[PDB]
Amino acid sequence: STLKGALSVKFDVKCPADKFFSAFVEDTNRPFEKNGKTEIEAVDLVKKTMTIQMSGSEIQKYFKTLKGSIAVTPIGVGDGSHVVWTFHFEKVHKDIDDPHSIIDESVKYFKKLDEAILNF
């Protein structure tokens, strides 16, 4: 297919994994755009994994289907967490860019989430 693909980023956060992952799961109660909808397709609160389907009038200008999967794992003990965040997508048509901009924005979102819960 020229339309289906995925893009994934791995980066580290200061927060312990269970706290970071729970905070994220809870924050998905807020749609990511005005007209948006987020549906949990898979979730494991012990493995700290989740896949969500995201939709909305804006995101669908670019992707017929957008899913996001997270996996959060402890680095050590009081050392913070590794985060893997993956977009799985089908583009509207083949000249849509891979979601580099949006995934960089997802990283910023996650880093702000980390700072929010670390300092609260």
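Residue indices: 1-based, along the sequence shown.
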* Quick one: higher average CA temperature factor, 7-15 or 92-100? -> 92-100
* Asked: Hey, which bit's got the bigger mean C-alpha B factor in the entry, 77-85 or 50-58?
  -> 77-85
* Out of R30, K64, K34, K67, which shows the largest CA B-factor listed in the entry? -> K34
* Asked: Can you tell me which third, lowest, middle or highest, the CA B-factor of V72 falls into for its chain?
  -> lowest
